[PDB]
Undergrad: 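Below is a structure I'd like to ask you about.
Computed from heavy atoms alone, side chains included, the values below leave out hydrogens, waters and symmetry copies. Numbers for residues simply follow the sequence, beginning at 1.
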Amino acid sequence: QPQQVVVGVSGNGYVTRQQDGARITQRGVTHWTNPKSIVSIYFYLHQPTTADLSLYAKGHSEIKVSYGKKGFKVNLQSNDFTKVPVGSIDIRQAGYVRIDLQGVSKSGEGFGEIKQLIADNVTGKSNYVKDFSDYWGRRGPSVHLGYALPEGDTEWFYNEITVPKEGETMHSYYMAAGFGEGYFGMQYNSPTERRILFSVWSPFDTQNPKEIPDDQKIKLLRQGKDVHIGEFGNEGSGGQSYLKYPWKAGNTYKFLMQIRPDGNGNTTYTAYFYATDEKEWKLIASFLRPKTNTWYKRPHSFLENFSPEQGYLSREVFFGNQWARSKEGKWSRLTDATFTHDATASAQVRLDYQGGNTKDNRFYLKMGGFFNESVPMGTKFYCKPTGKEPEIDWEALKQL
Ligand SMILES: [Cl-]
């Protein structure tokens, strides 16, 4: 039987053009002043269906509601929210449906306030952000790749990362060389700042790093030139370091990560970044983690959107030439990757999660942007064991 689908704007809407000219808040669209702004609302349908669209809206305005090339002229004329019919659409294939809103005329300060998109008489199942955090839902589903290590003890992991131009999106974390106790990667933080970030969690479970007993704090051993060192909390706690570095889309950067137990019940974590634009290795930091006795475990990568406002945009990254160096000093090319997704994907509130193979013997991750092909949890991907073995001037690195 056809059914009603109520899509909340706060979890499913985005300002997609002229971002200062409207806003998505906990009640949906507000502060809607600029006729050039576009608001887009996304929800997924499993099968072809018609739908009778309405908005739950208030205002004194004329707006334009669009599904592809089909537009509707819609007046708002209310001081309180009411159901405002728009018109009918024909969804010809499964996938994400995008509904756009644009202001045309207003009698007062703004074009109105839009709380919900309502689709009546819809056949089949749908997926979107409901009964779920609007913050996490709009951030969208992070995705990860885990690389299989050889037998024995690995000390170093090496990975190459390239963010293609089409995958370069502000407020993304492109995490290249993760491990059992932390992360090492690069961020696109603002128009003027990008960071190479390296973080290690304390073994002490707390949200406040100042709660950690002295003997369980992450300890700084080495600090690279121009690197900022601090602590973090609110996601567990530990030590962090970053270098401001203007990395470029389309360039291939290298991440080299050493994890070595000291035999005295600690483990050290040392992160190096190859600044391809300068043709030189940079030290980020070396940190000691107490109460830890491990070699390298769980080499992995991830792709994350950390801004809810950016959830309507995709981001994408390529990972190539993965190598492990054993504690005995032997390099091995890694070939086997396992794809996973985060809890937002698991909740099925966002379906725009993907990863796999490129056509040039790399792996990729892609999420956000409301695409239609997903990849399931645990999918395995493989690359051929080809690629240039790292040639590292070990001694030079030790002197950074
Ligand atoms: Cl920068």
Side-chain angles (χ1 to χ4, degrees), residues 139-147 157-179 182-199 241-257 271-282 284 299-323 334 337 339-342 345 352-371 373-375 381 383 387-388 390:
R139 283 174 59 153
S142 297
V143 292
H144 333 94
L145 295 172
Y147 312 102
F157 179 54
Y158 172 101
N159 200 8
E160 299 179 1
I161 182 175
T162 309
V163 177
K165 293 170 203 56
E166 57 277 12
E168 181 198 49
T169 308
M170 195 182 302
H171 311 303
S172 299
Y173 189 9
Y174 306 96
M175 199 293 290
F179 47 96
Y183 301 142
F184 180 25
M186 63 195 198
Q187 305 181 326
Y188 180 6
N189 301 84
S190 84
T192 66
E193 185 160 336
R194 306 192 181 199
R195 296 177 178 191
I196 314 308
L197 182 59
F198 167 48
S199 309
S241 59
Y242 67 90
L243 179 65
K244 296 180 193 171
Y245 183 86
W247 62 260
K248 300 182 180 190
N251 285 358
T252 303
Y253 297 92
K254 315 173 174 177
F255 284 74
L256 178 69
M257 183 73 219
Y272 300 94
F273 169 74
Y274 189 76
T276 299
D277 314 85
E278 305 183 21
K279 296 184 186 192
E280 60 194 55
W281 288 97
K282 311 293 190 180
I284 309 301
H300 70 282
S301 304
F302 72 65
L303 180 59
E304 170 189 88
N305 170 32
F306 61 72
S307 171
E309 290 79 8
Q310 303 289 78
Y312 76 102
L313 293 168
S314 64
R315 59 206 47 63
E316 183 173 31
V317 57
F318 312 143
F319 302 101
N321 208 24
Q322 296 77 41
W323 289 84
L334 314 187
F339 175 86
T340 58
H341 57 62
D342 76 2
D352 48 342
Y353 52 91
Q354 206 185 278
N357 288 277
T358 75
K359 289 181 171 297
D360 61 13
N361 205 49
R362 298 185 288 184
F363 302 107
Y364 79 94
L365 291 174
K366 180 177 181 180
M367 55 72 52
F370 300 108
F371 56 80
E373 184 141 34
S374 64
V375 174
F381 297 102
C383 283
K388 181 184 277 272

Undergrad: Establish, yes or no, whether a centroid distance under 6.0 Å links the rings of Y173 and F302.
TA: yes

Undergrad: Looking at side-chain heavy atoms only, is the closest gap between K254 and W281 below 4.5 Å?
TA: yes

Undergrad: Mind checking the CD1-CZ spacing from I161 to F255? Nearest 0.5 Å is all I need.
TA: 5.5 Å

Undergrad: What is the minimum heavy-atom distance between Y353 and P141, and which atoms define it?
TA: CB-CG, 3.9 Å

Undergrad: How far does CZ of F381 sit from CZ of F339, to the nearest 0.5 angstrom?
TA: 7.0 Å

Undergrad: Could you state the interatomic distance from CZ (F371) to CD (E316), rounded to the nearest 0.5 Å?
TA: 8.5 Å

Undergrad: Is there a donor in the side chain of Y245 and an acceptor in the side chain of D277, or the other way round, less than 3.5 Å apart?
TA: yes

Undergrad: Determine the minimum heavy-atom distance between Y174 and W247, stating which atoms define it.
TA: CE1-CH2, 3.7 Å

Undergrad: Using modelled atom types and a 3.5 Å cut-off, is there a donor and acceptor pairing between side-chain atoms of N321 and backbone atoms of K388?
TA: yes

Undergrad: Is it the case that atom CD in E373 sees more than 12 heavy atoms from other parts of the structure closer than 6.0 Å?
TA: no

Undergrad: Scan side-chain atoms only and decide if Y147 and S301 contain a donor-acceptor pair under the 3.5 Å cut-off.
TA: yes

Undergrad: Output the distance between atom CD (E309) and atom CE (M170), rounded to the nearest 0.5 Å.
TA: 12.5 Å

Undergrad: So, for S172 and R315, which heavy atoms are closest and what is the spacing to 0.1 Å?
TA: OG-NE, 2.9 Å

Undergrad: For the atom pair CG (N159) and CE (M175), what is the distance rounded to the nearest 0.5 Å?
TA: 9.5 Å

Undergrad: Evaluate the side-chain proximity of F363 to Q322: yes if any heavy-atom separation is below 4.5 Å, no if none is.
TA: yes

Undergrad: Taking all heavy atoms of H171 and all of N305, pick out the closest pair and write down the distance.
TA: O-OD1, 3.4 Å

Undergrad: Can you name the one residue among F273, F319, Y274 that meets ring-ring contact (aromatic ring centres under 6.0 Å, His included) with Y253?
TA: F273

Undergrad: Heavy-atom distance under 4.5 Å between the side chains of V163 and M186, does that happen here?
TA: yes

Undergrad: Quick one: does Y364's side chain get under 4.5 Å of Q354's, heavy atoms only?
TA: yes

Undergrad: Any side-chain heavy atom of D360 within less than 4.5 Å of one from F318?
TA: no

Undergrad: Less than 4.0 angstrom from a charged side-chain N to a carboxylate O is my criterion; do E304 and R139 meet it?
TA: yes

Undergrad: Taking all atoms of both residues into account, what is the closest heavy-atom pair of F184 and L256, and its distance?
TA: CE2-O, 3.7 Å

Undergrad: Could you pull out the closest heavy-atom pair between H144 and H341, with the gap in Å?
TA: CE1-C, 3.6 Å

Undergrad: Do the side chains of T169 and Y188 get nearer than 4.5 Å, heavy atoms only?
TA: no

Undergrad: Hey, what do you get for CG (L197) to OG (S241), rounding to the nearest 0.5 Å?
TA: 6.5 Å

